[PDB]
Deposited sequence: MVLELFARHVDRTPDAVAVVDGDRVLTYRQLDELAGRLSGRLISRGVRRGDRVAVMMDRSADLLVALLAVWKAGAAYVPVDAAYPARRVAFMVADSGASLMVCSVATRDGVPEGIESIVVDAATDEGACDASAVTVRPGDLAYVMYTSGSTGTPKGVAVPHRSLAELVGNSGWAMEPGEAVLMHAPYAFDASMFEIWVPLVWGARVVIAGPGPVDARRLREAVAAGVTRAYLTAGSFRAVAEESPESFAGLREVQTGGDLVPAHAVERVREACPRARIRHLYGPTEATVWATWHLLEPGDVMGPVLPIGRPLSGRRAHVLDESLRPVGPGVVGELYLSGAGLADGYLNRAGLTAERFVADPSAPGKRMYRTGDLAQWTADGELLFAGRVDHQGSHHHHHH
C-alpha cells in the first residue's frame, strides 16, 4: 500500500527530497502536509470513500500532492490530461462519475461545465479506513475507464535505496508514467522530473552525475541516445523504456557500452501490468517476461502451448484490474476465467509469446 510505505519514509526521513520538479523541490514532510491540507479540503467539499476525483494539472509536483490527497480522503484518482479536448474531458468525468475536479490556475479553463472545482494553488482531521480492494485509479485508454485496485498498484511497486534518484519524463495520462512516479517514494528515494523535451545523452550524463541511478525514458529518447552515445547510459543500474518496445539493435549497443546496466521495457497496459527485462537470448538480446510465483501461453483452444510454440499471452495475478467501468460485457470477454486458478481470472493481452527451452517467457 503506497500510503503506508510513504508514511514510513515521512517518519524516518521527513527532510529528504521527494520531488524535484524544475524550480519546485518538496521534502517527504512537505509533500505529506500539502496533501493532508488538500485532503481536508476535498473532505469539506464532499469527497467520501469510493468517490472518484478528476485531476487535471500541468506540473508533476502538483500532481503528486493531488494524488496523495485523493487517497487520504479514501477516494480514487481519475487522471485527466490538460491537452485532451473538452469532448474527451467531459466524457471521462461522466463515465467515471466524478463530482469534483481538482485543477491548477493554468488548467482551470479545462474544467467542464457543471463540475465543482478545487484549485490546488489558491484545519480539520479525518481518519479513514481503506482496504486493498478499493479503487486507487480509473485510467482511460471511445475511451475505456480501467478500474485499478490499490492491490494491483501494490504489486507493481513490490528495489531502491533511500536518497537514490530516478529520472523520469513528466508523468502522462499514459499508464507507464502514471504509476512510475510512486516507485521512488515507497523506497524513500526521490523523483527527479526531466525538463520538457527529449532526454539527451548529456542530460543523462548530467543526471547520473547528480546521483540518478535509474531512468524511465521514452522509447524515442532511448534510441536517440543509444545511437548518439551508448556510453552516456553508464552509471545507471537500471534503464527503463516505455511505449513501443525499443529495437533490439539499440539495446545491444547500450549493453556493449554498459555491461552492468539492466534494460527493461514496460510493455503492459493498465489492465494487466508487466515489467519485462531484456536478456541475451540463446540463438542476441530479447525481452523476457517474469513468470512470477503467473502467466500462460495458450492456443486458440485455450489449452497450454508447448515449448517453442507461439501463443497468445494471458496474464493472471494480483496486478489485474477489476474491469472496464460501465463495460461489463467487455470486461467479461477480456477478463476471462483462468483454468489454473480457482475462481480467478486471466487477462488476454492480445500479445504473442513463447516459452524458451530454459523456461523463460519470451515476447513476440
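What the model leaves out of the deposited chain are the segments 123-128, 148-152, 170-173, 299-300, 311-315, 387-400.
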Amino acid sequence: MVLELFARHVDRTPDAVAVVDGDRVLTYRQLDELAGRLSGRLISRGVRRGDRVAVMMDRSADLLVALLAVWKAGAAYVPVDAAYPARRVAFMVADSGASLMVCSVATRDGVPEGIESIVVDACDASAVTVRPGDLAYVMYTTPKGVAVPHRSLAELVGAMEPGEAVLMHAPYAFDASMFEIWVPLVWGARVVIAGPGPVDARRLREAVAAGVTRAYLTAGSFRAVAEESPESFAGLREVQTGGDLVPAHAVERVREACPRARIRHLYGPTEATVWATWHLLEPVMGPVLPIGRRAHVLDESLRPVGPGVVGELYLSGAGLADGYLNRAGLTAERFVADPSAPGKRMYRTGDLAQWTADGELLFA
From here on, numbers count along this sequence of modelled residues.
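Of the two segments examined, 350-358 and 336-344, it is 350-358 that shows the higher average Cα temperature factor in the deposited entry. Between the stretches 169-177 and 235-243, it is 169-177 that shows the larger average CA temperature factor. When the C-alpha B-factors of 257, 136, 125, 191 are ranked from the entry, the top spot goes to 125.
When the C-alpha B-factors of 147, 76, 94, 291 are ranked from the entry, the top spot goes to 291.
In this PDB entry, the Cα temperature factor of residue 152 sits in the bottom third of its chain's modelled residues, the lowest group. In this PDB entry, the Cα temperature factor of residue 115 sits in the top third of its chain's modelled residues, the highest group.
For residue 71, the recorded CA B-factor ranks within the lowest third of the chain. Only modelled residues enter the ranking.
Ranked against the other modelled residues of its chain, the C-alpha B-factor of residue 307 as given in the entry falls in the highest third. In the deposited entry, the Cα temperature factor of residue 205 sits in the middle third of values across the chain's modelled residues.
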